[PDB]
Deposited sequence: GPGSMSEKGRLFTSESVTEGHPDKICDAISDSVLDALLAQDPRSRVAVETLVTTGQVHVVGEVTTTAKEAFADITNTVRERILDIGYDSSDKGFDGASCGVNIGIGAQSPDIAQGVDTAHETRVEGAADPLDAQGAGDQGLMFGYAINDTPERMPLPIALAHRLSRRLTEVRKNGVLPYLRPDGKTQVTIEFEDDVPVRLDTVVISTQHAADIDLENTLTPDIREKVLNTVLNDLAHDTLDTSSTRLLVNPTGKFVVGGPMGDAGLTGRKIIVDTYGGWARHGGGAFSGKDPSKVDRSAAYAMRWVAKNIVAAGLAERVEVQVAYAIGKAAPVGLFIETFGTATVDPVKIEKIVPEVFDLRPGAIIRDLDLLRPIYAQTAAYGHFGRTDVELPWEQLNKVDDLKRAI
């Protein structure tokens, strides 16, 4: 029986702090100037944030306010005290962003699979559901002693490609110093985080009766975030996408405006793949787009259905570029990408989100595909 493990992290993980700050700067600029060009990278370490990169924008007032946007995001994450390892109101904030006033050979992958309602691979889907729920129970006061930093890991056993057993769940979370790990943290996390997520999913074949749950296996986790650590933007690209289950062409998402094809074309390929499986044309699919210098539209569109197609895969390949307009400008227009919608994507995955509606997750092309067959 094959095992597969994926992980997720909360918004309080230092690498995710950086992704969120980078995309908070992006959203701030897009809110005032939708055509801003942005390439913003964030570093955090003990007591400090360093935001660098380049921007072309007319949004000078938003640019001036970046320092405050940074602090506010850190406070929203929940870092508001040195006791927690980090305080957005009093940490160091340094800005080294160059500012001015105003194709390529490419491959990009997308993936979808009918193993979850959100059409994601089960290990990453479950890991993200758990990291989101972990944060939710902190913020809604159900478990008020929790602190922001955390990580989830999910190992599933498969038999002939069917997920049959939930093998291991690891949940590591930051928490107040007075909390008993064995008699308070562990059962609260089992009841309020693991069991609620498993009930939400109600998976048809995943046996969770003998799951090994480990909560804070390395013990006390009182201080977290950048304290005694460091984070950078774009260091969780597998967490951001498919958890290792699918191939990745390279390129991080956060801090990049939608003109960056690494972001927008990856989003488009997810959209294509999700609509293909939701249309029942395959149970799982990897979609690959090929772009060439000097041509807007793709020079190639390839799929792999792993034996699960219900129609000829060559037919699927033919109809995708008829149904979808995969020119970069069309993707931007059609998904309405020149809007401040990115800070929300910077933790808990860019794909398969059950808590927010994202343009590239909409099943608005299922009918189109069915008509084209």
item	value
Coordinate gaps, deposited numbering	1-8, 111-136
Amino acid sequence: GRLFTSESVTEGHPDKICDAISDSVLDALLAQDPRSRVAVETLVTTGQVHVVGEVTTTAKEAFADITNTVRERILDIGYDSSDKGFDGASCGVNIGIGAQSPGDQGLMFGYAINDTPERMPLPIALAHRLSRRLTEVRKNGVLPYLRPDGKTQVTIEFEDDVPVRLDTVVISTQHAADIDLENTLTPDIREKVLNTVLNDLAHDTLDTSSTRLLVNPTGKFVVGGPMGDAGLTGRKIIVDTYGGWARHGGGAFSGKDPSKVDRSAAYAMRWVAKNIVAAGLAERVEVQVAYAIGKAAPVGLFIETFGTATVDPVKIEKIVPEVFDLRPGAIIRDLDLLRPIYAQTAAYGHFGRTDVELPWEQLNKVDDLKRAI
From here on, numbers count along this sequence of modelled residues.
| item | value |
| --- | --- |
| Residue range whose averaged C-alpha B-factor is higher in the record, 313-321 or 23-31 | 313-321 |
| Mean C-alpha B-factor comparison - 125-133 and 218-226, higher one | 218-226 |
| Member of 256, 235, 274, 295 with the greatest C-alpha B factor (per the PDB record) | 295 |
| Identity of residue with top Cα B-factor, from 181, 75, 91, 154 | 181 |
| Where the record places residue 166 (Cα B-factor, split into thirds across the chain) | middle |
| Relative C-alpha B-factor of residue 85, binned into the chain's lowest, middle or highest third | highest |
| Third assignment of residue 3 from its chain's C-alpha B-factors | highest |
| Residue 249, C-alpha B-factor rank within chain (lowest, middle or highest third) | highest |
| Where the record places residue 286 (Cα B-factor, split into thirds across the chain) | lowest |
